[PDB]
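Trainee: Got an experimental structure here, sequence first:
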Amino acid sequence: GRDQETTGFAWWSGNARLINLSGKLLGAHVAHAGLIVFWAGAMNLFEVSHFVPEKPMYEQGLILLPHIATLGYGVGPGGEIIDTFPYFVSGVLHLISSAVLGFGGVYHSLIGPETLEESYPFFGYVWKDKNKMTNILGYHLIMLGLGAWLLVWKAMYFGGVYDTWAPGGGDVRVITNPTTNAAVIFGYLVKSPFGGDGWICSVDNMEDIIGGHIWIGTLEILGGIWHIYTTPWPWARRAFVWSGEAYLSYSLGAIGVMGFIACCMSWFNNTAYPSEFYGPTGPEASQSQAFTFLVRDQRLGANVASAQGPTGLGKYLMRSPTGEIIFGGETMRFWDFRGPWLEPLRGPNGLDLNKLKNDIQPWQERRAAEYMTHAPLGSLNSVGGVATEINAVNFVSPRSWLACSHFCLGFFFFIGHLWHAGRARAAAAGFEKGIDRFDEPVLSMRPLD
Amino acid sequence: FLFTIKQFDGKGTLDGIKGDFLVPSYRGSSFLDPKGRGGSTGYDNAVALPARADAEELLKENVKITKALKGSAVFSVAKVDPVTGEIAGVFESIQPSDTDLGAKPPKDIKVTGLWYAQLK
Amino acid sequence: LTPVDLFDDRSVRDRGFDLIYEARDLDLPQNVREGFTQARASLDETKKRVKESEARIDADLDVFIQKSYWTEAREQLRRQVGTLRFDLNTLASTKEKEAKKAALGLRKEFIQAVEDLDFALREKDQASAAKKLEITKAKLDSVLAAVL
Amino acid sequence: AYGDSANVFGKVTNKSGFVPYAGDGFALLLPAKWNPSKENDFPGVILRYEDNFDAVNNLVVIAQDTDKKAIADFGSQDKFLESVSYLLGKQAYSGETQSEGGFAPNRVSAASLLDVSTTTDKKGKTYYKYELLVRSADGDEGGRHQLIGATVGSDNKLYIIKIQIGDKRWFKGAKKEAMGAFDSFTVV
Amino acid sequence: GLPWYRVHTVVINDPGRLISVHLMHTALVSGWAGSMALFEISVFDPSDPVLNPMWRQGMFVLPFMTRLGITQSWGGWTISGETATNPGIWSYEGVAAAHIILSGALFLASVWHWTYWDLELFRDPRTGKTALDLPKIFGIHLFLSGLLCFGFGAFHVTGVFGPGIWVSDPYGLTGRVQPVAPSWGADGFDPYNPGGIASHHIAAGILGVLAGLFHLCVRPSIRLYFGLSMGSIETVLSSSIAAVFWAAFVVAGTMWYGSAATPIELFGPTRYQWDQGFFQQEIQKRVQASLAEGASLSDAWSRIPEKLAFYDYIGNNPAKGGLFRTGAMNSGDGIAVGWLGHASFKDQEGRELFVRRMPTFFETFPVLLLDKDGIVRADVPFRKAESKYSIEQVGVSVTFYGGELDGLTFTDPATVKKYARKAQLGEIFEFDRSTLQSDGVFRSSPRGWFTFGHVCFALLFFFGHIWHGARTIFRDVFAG
Amino acid sequence: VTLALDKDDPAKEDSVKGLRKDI
Ligand code: CLA
Ligand code: CLA
Ligand code: CLA
Ligand code: CLA
Ligand SMILES: CC1=C(/C=C/C(C)=C/C=C/C(C)=C/C=C/C=C(C)/C=C/C=C(C)/C=C/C2=C(C)CCCC2(C)C)C(C)(C)CCC1
Ligand SMILES: CC1=C(/C=C/C(C)=C/C=C/C(C)=C/C=C/C=C(C)/C=C/C=C(C)/C=C/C2=C(C)CCCC2(C)C)C(C)(C)CCC1
Ligand SMILES: CC1=C(/C=C/C(C)=C/C=C/C(C)=C/C=C/C=C(C)/C=C/C=C(C)/C=C/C2=C(C)CCCC2(C)C)C(C)(C)CCC1
């Protein structure tokens, strides 16, 4: 092990004693991967064991199974779960794989050499050695590109991902014409993050998703080769801190942003996160309620078209500021919502009361009714309900869990970026420990006021 | 103002089809004011000032009149597409403005525009 | 003071007025709430619904394609045809061994055709949509011949 | 200070969700969570219970002396419903209005009969039963479900049970309680 | 350069100028006493002593002057409402003028003591340095204090020489300043027993005199003197602050909870009185008696004194007020003109319906009419889509017995609901909210304002005791 | 008619008369 007397780092900063220990650092990272793979496998098998075919996955508080279901495994027409053995296979595979990674980490943390540069030059690396650092980034960049292409392969081959917008009903579909038009693929990137544009969260077609992964997959592999055969340019070296903590701070900041984006994706996107498995989105639940009553009242004998509300802005239907006909009520804020159950009734100009008056299919109703009841609203003790509700329902939208968890994760990792980045910059300057007590810069600065 | 031609019964020539239309109250009886006083659902009294809860404030409290008014509209067919059975022309209508549930007098709103319809 | 008016709306329940309430009964199994079990139980009702979808795919849709009403055509797909895939599956399930397998194969070939036609509407290609629709009609008729 | 040992590792007393209640010639299984109420909404109220939180979910058992020895004597179920319409309530609002969607002019409340039935107890007496959903311009609770059942006891007394549930709670489980108590209602 | 919060520390060791600075404070207090009184007299209306009492007129010092005897005024008017036949030198105006003249005299005295601060009296004879024998100073002052206390209770309060103290019936319907006799018994400790004041002041007074002699004769213990820094002026200041803040809490509670020293017809009714329906029970009681005698409802309600009915009003409740709702009670509800009479709400069935009164804790309370059994039979529904207790469907009619609306019956839903809203606020009285342009909101009585101000001062003075006391105990550390 | 309590209580449930002797 190590002691503070020889490192200057206390036990609460012990892992910081592994910065220059390449061999030990390898074991630490490899081991941590084992933990991640372990949970993926363990929790998956736990979910499979606690899964029941009489209830939707979202009602069973399952988060991992929805991911496999979206990949198009053990799912059928309407999102109905045919079998769960595929899910069991995934858990078993990850769990056993975690053992291999665990052994490697333990070895590279005990028997393995504390450093590798002395023995294995290829693995041997020193922070600041930009060339080597860029090469390492390249290798991992290629790996991520291959992973994205594996998804693209599963979409156009080896079966297909589940398409909630599939024609004549939602089910797994083999993407055959993935969007490769740069304008469409990169359009999302330049889209405003505000309402309507929804930036990249707006992606509603699997064709763009698979096509976008095609673009990112290629660029990452090409970028890896570039970083493998190129060294940072003068401008970069003069505008970046070359240190392990600095490199970590860059990753911390990036992963923190990715966390926030993932939170929004799980809360707004319904394509990449099928509402059939992940449950309805906040906007989806609201629109579903308006549709549920609109249908019920219309059947009772109410003209939803000319039904003035208390404010006079239409009880069931109204016009979006843009002009599109939208459901009335506070759901006006979610007028930009788009779901496979509501699209058929829509048309060039907002909703089509013709479809609403006649052509409303029973499933369009049943689905909306189910979504309305299973809204994302919930409590920490898992007491399902808008609020001020009695303890009767035990359900919290999986979307809520992912959105809340990843948001908090992103926030902390951003704070970690600020901590590591600032310390890295201060370390480079040399004032990380504190003031010289003899070269205090302020004492040499202008007396200001 | 609630722009509307509810219950319009124009009966002029192909052009200038003069008619009258209903002008429902801009706000419904349920609609509650800032004070909470409303028609079907409301305090009906100035709960804020207990000593003056009921007084000349009657015009604003316990009134919340939601009676519907009437307006006149004239439509004219500029063109007719017989093959597609579609008609289009200009419309002109003068309707009363919001009366704040009787709190304020209504104001004449002259709305002019174009109209399109398919005779099928 | 007026008595609350009463209306005899008992007929609403006949026109699926309890669909929403049934779908919101968590006590009912998910399949029951979704109506999947009900349809799988009612073979004649399922077969009828399938023929309704056939009419929409055959004696319809082509209209929008002719007038380039892509939005309506793409919405023509799904909607009532939305359950077609589930319907065809249960009818094929009625078959056995090779019969069921062969029927499922026809179901797949048809499902592929409907997706090709839908992509044509997405690209707003009338010529491709027209020919694709004809292919879809043939596919459905083949599946119908087997499932029915 | 009765030395009753705590039910440590014991068995639950009642999980049926319904507590059996007995009254004057009438018996029914009141919802367990529902608490006694002290508001006589109508004349002849004998039993009045309401949900712990939402008072909209309430149950009233009205017993009125009636010469008729049979609920049929009152006439057709529709006729009887007209005579018992008072339960649905009365619109105090009288203001002329036409800005209420889904409601006839000058009408801010509408009751819709969705089901009618005439069940009979083992004893043999029949039970005029009606299911109605009352909607309001405010649309509070998304409507109020009304389960009304009536019959004449051997005491030559008309017994009427009216259960009201806010639509919100109706499709959230409250229906199960209402139905159980309504079916439990029995008059001797 | 003494900090702003330490400028008055200059006289800490100047006994000669300490009297001067104290003389100033006394002068300012005396001046305000007469000034505020003169202002109140200039803005007071003695025309109506029933529906326009002093507390309704927002008077604060006038009640205190009346409490000890002052009732007449050179304006030829008595606080009783009758003409002041001979107000005398002690008229409200006279006592005010006296305090103002006293203030002036104190000011001149302060000037002299400030100028001639170096008096040999302050110097100690043994050393010659300025030294005060705090031990004896307290004793002599305590002895004089006891004399006044005993004299006030045995003469001014008793009446033998003093005019007397204000005593009123339990319902403050009738009361004035009459000589009282010391209870000298267990009842003497009853806060609502006037006699207790004379007995307590006489007893406390004689003891104080004796205690003063002890402090004057017996010297302080050596251990106690040092332990309590009996040689420090700040020591007495800290202990004195503890005494004033303690009394402030006691005085406030006496005003809020009410007592024989706080007449309800001089400071207004207490909030608890309404909470327990004190005046309301009396009104109903005598009404039932008159009905039992055989008089009609009108006769019984006509017998009810408007003053008693005026007490039975949520408006007169002191708690019913606002922190920034400044002004007299008359402002915000109008000047009471008369009593409309008792309002009897009855349903079509003939059942008598009682309007639930508004609890003090509630700024706005829903109108509910309940039967004698206590079952709500009628109310003003917030939702009228399908009401089941609507005043209309219940058919409630309000009939006023006695007062202005005596024999007046109202069936108009709006009219009945209007009276029902007033009924929930207690007896229905006519109010002129034009002369003062009332805002329509209730104000607190002088009783409530006095309690709030003195409680606040008391809580703050607690910090003063801790601060000055800490300085005395840690004088060595605070030294500098 | 109604007893003073049968009147004070419905008007004020916290009235001393209604809040006393209740045992
Ligand atoms: C008769 C009571 C009394 C007396 C004689 C004193 C005397 C003294 N106090 Mg003091 N104090 C008291 C009560 C008293 N205090 C109480 C109740 C509190 C609790 C809030 C305090 C808290 C307190 C603190 C925190 C401090 C003192 C300090 C001092 C000394 C400096 C005075 C000063 O700053 O000049 C005065 C100069 C000023 C600018 C202040 C006047 C400004 C006021 C707010 C305006 C006047 C408002 C109004 C007229 C006040 C009277 C209200 C009354 C009618 C109810 C001084 C010897 C200071 C000290 O160092 O102790 C030795 C010190 O810091 N006191
Ligand atoms: C992901 C969590 C994680 C990982 C992977 C590591 C990894 C490592 N830490 Mg570390 N540490 C952690 C968390 C972690 N730490 C936390 C939370 C703290 C704060 C309490 C510390 C504080 C800390 C200090 C102060 C030090 C380390 C050190 C080290 C390195 C060698 C450990 C050692 O010297 O003796 C090894 C420890 C043991 C032999 C005891 C048991 C550990 C074994 C390997 C765990 C195996 C468990 C698992 C069930 C085995 C599976 C077997 C398989 C067949 C299934 C190593 C690479 C040391 C170092 O190298 O500094 C330069 C050092 O001094 N850590
Ligand atoms: C992969 C990301 C990552 C990595 C590799 C590191 C690595 C390191 N960090 Mg660090 N950090 C991160 C993320 C990361 N951090 C984030 C996101 C934050 C924001 C909260 C921080 C905030 C932070 C601070 C404030 C400090 C470090 C420090 C350090 C160094 C000391 C290691 C150590 O403490 O020894 C052994 C390991 C421990 C003592 C950790 C103990 C276990 C923790 C305290 C229990 C927490 C459990 C947690 C609640 C579970 C939920 C997590 C999540 C779901 C919310 C080390 C090199 C220290 C340093 O000096 O930097 C050079 C230091 O002061 N980090
Ligand atoms: C036969 C002779 C006689 C008689 C008949 C009485 C009769 C009476 N005396 Mg009395 N007394 C006598 C002799 C007599 N005394 C003698 C010889 C002395 C010694 C000199 C006293 C000293 C004395 C004192 C000190 C007091 C009385 C009081 C009273 C009255 C009781 C009502 C009361 O307690 O006030 C109201 C209720 C209380 C005082 C109890 C509350 C006390 C708390 C502890 C005060 C709060 C202090 C604290 C800082 C507050 C914190 C904040 C708070 C929110 C918690 C009563 C009429 C009291 C009085 O004057 O009435 C105002 C009283 O305070 N007497
Ligand atoms: C270095 C170190 C550390 C740690 C680290 C780690 C984290 C390790 C781990 C490692 C690992 C990572 C381990 C793991 C393992 C696992 C395993 C080995 C598994 C196994 C499995 C099996 C045996 C089977 C199972 C099964 C199946 C799958 C099927 C079904 C049934 C069952 C479930 C039975 C610490 C912190 C202490 C610090 C110091 C140093
Ligand atoms: C897959 C897919 C897709 C695609 C996506 C993409 C394409 C992504 C990418 C993204 C990206 C594109 C990312 C990147 C990022 C980067 C950045 C954002 C940059 C940053 C920068 C920095 C951080 C720096 C800074 C600075 C300055 C400049 C100054 C000096 C200092 C420094 C240097 C620090 C889509 C859409 C179809 C959807 C579906 C799926
Ligand atoms: C010189 C002289 C003269 C005259 C005198 C005089 C004229 C006196 C008076 C004086 C005065 C005229 C005094 C008074 C002053 C005032 C005061 C002393 C008061 C003050 C006030 C206060 C202190 C209050 C405060 C506050 C506020 C306002 C707010 C709330 C709270 C309180 C209330 C606390 C003669 C003829 C005698 C002769 C001799 C000389």
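Mentor: Perfect, thanks for sending it. Numbering: from 1, shown residues only, chains lettered A, B, ... in the order given. Ligands and ions are numbered 1, 2, ... in the order given.

Trainee: The stretch 51-200 of chain A: strands as residue ranges?
Mentor: A:162-163, A:171-172 (DSSP state E, counting those that start in this stretch).

Trainee: cool, chain E as well?
Mentor: E:72-73, E:77-78, E:165-168, E:175-178, E:335-339, E:342-346, E:352-355, E:368-370, E:376-379, E:397-401, E:408-410, E:429-432 (DSSP state E).

Trainee: Would you format those as CSV with mean neighbour count and distance to ligand 5 included?
Mentor: C-beta coordinates here come from the backbone N, C-alpha and C atoms, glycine included. Formatted as CSV, the strands of chain E follow (neighbours: other C-beta atoms under 10 Å in any protein chain shown; distance: least, C-beta to the nearest ligand atom, whole Å):
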stretch, mean neighbour count, distance to ligand 5
strand E:72-73, 21, 92
strand E:77-78, 20, 93
strand E:165-168, 20, 83
strand E:175-178, 17, 85
strand E:335-339, 20, 82
strand E:342-346, 21, 76
strand E:352-355, 23, 72
strand E:368-370, 22, 65
strand E:376-379, 23, 64
strand E:397-401, 21, 80
strand E:408-410, 16, 82
strand E:429-432, 19, 80
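
Trainee: Would you confirm that residue E:339 contacts residue E:405?
Mentor: No - with contacts counted by C-beta atoms under 8 Å, residue E:339 stays clear of residue E:405, the gap being 9.2 Å.

Trainee: still on that earlier bit, wait, which of the strands of the stretch 51-200 of chain A is closest to residue D:153?
Mentor: Closest approach to residue D:153 among the strands of the stretch 51-200 of chain A is made by strand A:171-172 (58.4 Å; C-beta to C-beta).

Trainee: contacting residues around the closest one?
Mentor: With C-beta atoms under 8 Å, 6 or more residues apart in numbering or on different chains as the contact definition, strand A:171-172 has outside contacts at A:72, A:75-79, A:159-163, A:166, C:85, C:111.

Trainee: ok so residue D:150 is a helix residue?
Mentor: No - counting by DSSP: H, G, I helix; E, B strand; the rest coil, residue D:150 is not part of a helix but strand.

Trainee: What residues are bridge-paired with it?
Mentor: residue D:128, residue D:160 (DSSP bridges).

Trainee: and of the strands of chain E, who's closest to residue A:225?
Mentor: strand E:376-379 (81.3 Å).

Trainee: so what does the closest one touch, helix or strand wise?
Mentor: Using 3 or more C-beta pairs under 8 Å, 6 or more residues apart in numbering or on different chains; DSSP states H and E, the elements in contact with strand E:376-379 are strand E:368-370, helix E:391-394.

Trainee: Need the winner for burial among the strands of the stretch 51-200 of chain A.
Mentor: Counting by mean count of other C-beta atoms under 10 Å in any protein chain shown, strand A:162-163 has the highest mean neighbour count of the strands of the stretch 51-200 of chain A, with a mean of 23.

Trainee: Relative to the whole chain's centre, how far out is it?
Mentor: With C-alpha atoms, centre = their mean, to the nearest Å as the basis, strand A:162-163 stands 18 Å off its chain's centre.

Trainee: Show me what that strand is packed against.
Mentor: The helices and strands touching strand A:162-163, judged by 3+ C-beta pairs under 8 Å, 6+ apart, are strand A:171-172.

Trainee: The strand it packs on pairs with which strands, and in what direction?
Mentor: When DSSP bridges is applied, strand A:171-172 pairs with strand A:162-163 (antiparallel).

Trainee: Unless I misread the structure, residue A:326 falls within a helix.
Mentor: No - Residue A:326 is assigned strand when assessed by three-state DSSP, not a helix.

Trainee: okay, now it: neighbour count?
Mentor: Neighbours of residue A:326 under the rule other C-beta atoms under 10 Å in any protein chain shown: 25.

Trainee: So what does the residue nearest to it when sequence neighbours are not counted look like in phi/psi?
Mentor: In space, and not counting its chain neighbours, residue A:326 is closest to residue A:335: 3.8 Å by C-beta to C-beta, 6 or more residues apart in numbering or on different chains. With angles defined as degrees, to the nearest 10, residue A:335 sits at phi -60, psi -20.

Trainee: Quick check: residues of the stretch 301-449 of chain A near chain D?
Mentor: Contact residues, the stretch 301-449 of chain A versus chain D (C-beta under 8 Å from any C-beta of the partner chain): A:301-304, A:306-310, A:312, A:314-316, A:369, A:373, A:390, A:392-393.

Trainee: could I get the contacts of strand A:171-172 as a markdown table with distance to residue E:210?
Mentor: Putting the contacts of strand A:171-172 into a markdown table (distance: C-beta to C-beta, whole Å) gives the following:
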| residue | distance to residue E:210 |
| --- | --- |
| A:72 | 102 |
| A:75 | 100 |
| A:76 | 103 |
| A:77 | 104 |
| A:78 | 100 |
| A:79 | 97 |
| A:159 | 107 |
| A:160 | 107 |
| A:161 | 101 |
| A:162 | 100 |
| A:163 | 103 |
| A:166 | 104 |
| C:85 | 108 |
| C:111 | 112 |
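
Trainee: Buried ones among these?
Mentor: Among the contacts of strand A:171-172, those scoring as buried are A:72, A:75-79, A:160-163, A:166, C:85, C:111 (criterion: 16 or more other C-beta atoms under 10 Å in any protein chain shown).

Trainee: measure residue F:5 to chain C for me?
Mentor: 34 Å (C-beta to the nearest C-beta, to the nearest Å).

Trainee: my guess is that residue meets residue F:19, correct?
Mentor: No - if you go by C-beta under 8 Å, residue F:5 and residue F:19 don't touch, sitting 10.3 Å apart.

Trainee: so what sits against both of those two?
Mentor: Shared contacts of residue F:5 and residue F:19 (C-beta under 8 Å, 6+ apart): none.

Trainee: Contacts only, for residue 82.
Mentor: Assuming you mean chain A. A:74, A:75, A:76.

Trainee: Name the SS class of the closest residue to chain B within the stretch 201-350 of chain A, please.
Mentor: Nearest residue of the stretch 201-350 of chain A to chain B: residue A:310, at 4.1 Å (C-beta to the nearest C-beta). Put simply, residue A:310 is coil when judged by three-state DSSP.

Trainee: I appreciate the help and will end here.
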